[PDB]
Number of protein chains: 2
Amino acid sequence: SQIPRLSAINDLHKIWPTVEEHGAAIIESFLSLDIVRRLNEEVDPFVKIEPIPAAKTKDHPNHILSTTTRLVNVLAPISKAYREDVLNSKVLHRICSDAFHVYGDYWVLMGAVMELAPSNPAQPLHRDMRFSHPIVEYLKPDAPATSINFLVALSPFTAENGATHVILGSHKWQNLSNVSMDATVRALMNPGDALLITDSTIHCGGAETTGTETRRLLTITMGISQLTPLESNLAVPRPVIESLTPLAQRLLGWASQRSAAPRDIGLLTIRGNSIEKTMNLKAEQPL
Amino acid sequence: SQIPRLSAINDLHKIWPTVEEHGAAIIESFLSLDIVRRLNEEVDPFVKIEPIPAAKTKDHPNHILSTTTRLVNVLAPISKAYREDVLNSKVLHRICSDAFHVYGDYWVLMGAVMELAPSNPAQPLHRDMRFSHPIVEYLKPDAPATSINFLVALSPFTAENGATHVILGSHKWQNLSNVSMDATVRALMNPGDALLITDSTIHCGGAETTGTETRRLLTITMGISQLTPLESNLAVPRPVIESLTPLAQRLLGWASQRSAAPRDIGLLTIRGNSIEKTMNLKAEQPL
Ligand SMILES: COc1ccc(/C=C2/C(=O)Nc3ccccc3C(=O)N2C)cc1
Ligand SMILES: COc1ccc(/C=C2/C(=O)Nc3ccccc3C(=O)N2C)cc1
Ligand SMILES: O=C(O)CCC(=O)C(=O)O
Ligand SMILES: O=C(O)CCC(=O)C(=O)O
Ligand code: NI
Ligand code: NI
């Protein structure tokens, strides 16, 4: 059984139900090739200057990722395409509201460009969030997913160049005795296609076997506003924040958040008032 | 069986183990009377100007609290005593590190002064966090507490003036069929004493029966850094933040946070570096 493939345009309402059932779906043309081109051009130099994940200069080193991986997060100040087009994606917001309605508001836990160098080895089969959110392992087995990951192709994803592996149905597994690469299928994708998985989907980066190809992806971990993001937008200039839509501001934590509790008292509030009301935060003011 | 009473000075190591077992403990002299006096003087006018919890001017109204309740949160910009003495409390930090070591770093989910007017009615018996963090209800029954609440007396707590009710052992209850005021005992406290409960302890504010007395408390909900605070310090002037200790800065979300994962990749980071390193955030710079 291959990963279900759905149109971002025509199959929008089917995307979350498909992931809830199978643990994975390919969203064809999640981003237009124009958005992919602009995002690639904007992040290009930041990928080139990025040190190894566990660089000795870093006070929060990533000791997990391969030395042939470059990860660049906090994309809002880097990329106009990201903070305007991606953060306001109609498809992303329909899927996230479908997924997280039981919990309430959602925001970006991490938006990162990942670039894998030629001959990058396959990652071990894993669930996400286990190096940042221990709390997730204490959730009841059948608890609705508290985060999902859009793995957006910024270059071709082929079997040969290390396309992502997923185990379909593995998001519902309690016993992990049958976890093996034998159980996996591949996310073959054109640039702009996205693999959508949950925080419980067992998956891994594939082995780069050509020895010539550089694979790049945009990973958008969307999570309930009750969970702390892996990344901070606290240092993003206020002029950049005030250039965004109110919705994009909320996704970067520059707004108060609401739970789905019938008489919700809210998150990141200030004496009964929102961040945006208190700070008089402007929106859609061009730079 | 009455609520166990412990000295902040002499019984420090016994406090968290006592709450883990019984679901509640009284910390005698948690704050000195001097700190209580200074905090009361500093918040006094902010309590007086505070509207009803569900005021029509508020875009995050609290529809739960009685109209005879005034709640003032985001205390850092209001109170020197709070941001210096309370946020750096040796007793608070030992208890929180004892409670949350399985999860990692902790911070303030809410620090609020609550003032109850004369003849304030008893609250319904409840667990905290159910109007802000639906995720907590999806945790496995025996999951370690992800938040605890220091209910610090800023005035006398008597049976007559509505001292808090707790059900001892109720933090371990799955079946709530035996929940009744018949099962409760009272937190009788002098100013500076604190009632410590978990997010699972069944408790309620008591009925004010004198018709003359105003009861005031400082409620400090301490929670794992993986859960989003009820309140935001985003609007607190940077000069005020830079006057605090690095530890106080972390508690207000003006620092990156760490999980207890052996190879933790951190929370609120910026491309492998902390908020404080990135923003060049100064500490202990007097105003
Ligand atoms: C080589 O083996 C691995 C490498 C990574 C993971 C998983 C994570 C993670 O939990 N979260 C994310 C989410 C998006 C992108 C990257 C990461 C990441 O950095 N790590 C560490 C597991 C196994
Ligand atoms: C009248 O009945 C009530 C009133 C309050 C609660 C509980 C909460 C809550 O979950 N969190 C806190 C934590 C500290 C102080 C106040 C509150 C608060 O405002 N509410 C609503 C329950 C029942
Ligand atoms: O490289 C990939 O396709 C997946 C990367 C990943 O799953 C991860 O780093 O968590
Ligand atoms: O009034 C009290 O002592 C307790 C208040 C409380 O439990 C609450 O508001 O959540
Ligand atoms: Ni992963
Ligand atoms: Ni309460």
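Chain naming here is simple, since letters A, B, ... match the order of the sequence lines and numbering starts at 1 in each.
Heavy atoms closer than 4.5 Å to chain B are found in the side chain of A:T146, but not in its backbone. Only the side chain of A:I224 has a heavy atom closer than 4.5 Å to any heavy atom of chain B. In this structure, the portion of A:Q257 lying under 4.5 Å from any heavy atom of chain B is its backbone and not its side chain. With a 4.5 angstrom heavy-atom cutoff, B:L234 touches chain A via backbone and side-chain atoms both. Proximity to chain B involves both the backbone and the side chain of A:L230, based on heavy atoms less than 4.5 angstrom apart. Only the backbone of A:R130 comes within less than 4.5 Å of a heavy atom of chain B; no side-chain atom from C-beta onward does.
In terms of heavy-atom pairs under 4.5 angstrom with chain A, the leader among B:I275, B:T278, B:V102 is B:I275. Among the candidates B:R258, B:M110, B:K277, the residue making the largest number of heavy-atom pairs closer than 4.5 Å to chain A is B:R258. Comparing B:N273, B:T269, B:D264 by how many heavy-atom pairs each has under 4.5 Å with chain A, the most go to B:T269. When A:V74, A:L227, A:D59, A:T57 are compared by the number of non-hydrogen pairs under 4.5 Å with chain B, A:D59 comes out ahead. By number of non-hydrogen pairs under 4.5 angstrom with chain A, the leading residue of B:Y103, B:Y138, B:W254 is B:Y138.
Looking at every heavy atom in both residues, A:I270 comes nearest to B:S232 through CG1-O, 3.7 Å. Between B:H60 and A:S256, the shortest heavy-atom distance links the atoms NE2-CB, 3.4 Å. Contact between A:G272 and B:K58 at its shortest, heavy atoms only, is O-CB, 3.2 Å.
Side-chain contact between A:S132 and B:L267: present, with at least one pair of heavy atoms (C-beta onward) separated by less than 4.5 Å. In this structure the side chain of A:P134 reaches within 4.5 angstrom of the side chain of B:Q226, judged on heavy atoms. Side-chain contact check for A:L139 versus B:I135: some heavy-atom pair is nearer than 4.5 Å.
At least one donor-acceptor pair under 3.5 Å links the side chain of A:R271 to the backbone N or O of B:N73. Put simply, the side chain of A:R263 never gets that close to the backbone of B:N62: no donor and acceptor are under 3.5 Å apart. In terms of modelled atom types and a separation under 3.5 Å, the side chain of B:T228 and the main chain of A:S225 share a donor-acceptor contact. With hydrogens and angles disregarded, no donor-acceptor distance shorter than 3.5 Å links the side chain of A:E231 to the backbone of B:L268.
For B:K172, the NZ atom sits in a packed shell: over 12 heavy atoms of surrounding residues, nucleotides or ligands are nearer than 6.0 Å.
Here the NE2 atom belonging to B:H133 is positioned 8.5 Å from the OG atom belonging to A:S259, to the nearest 0.5 angstrom.
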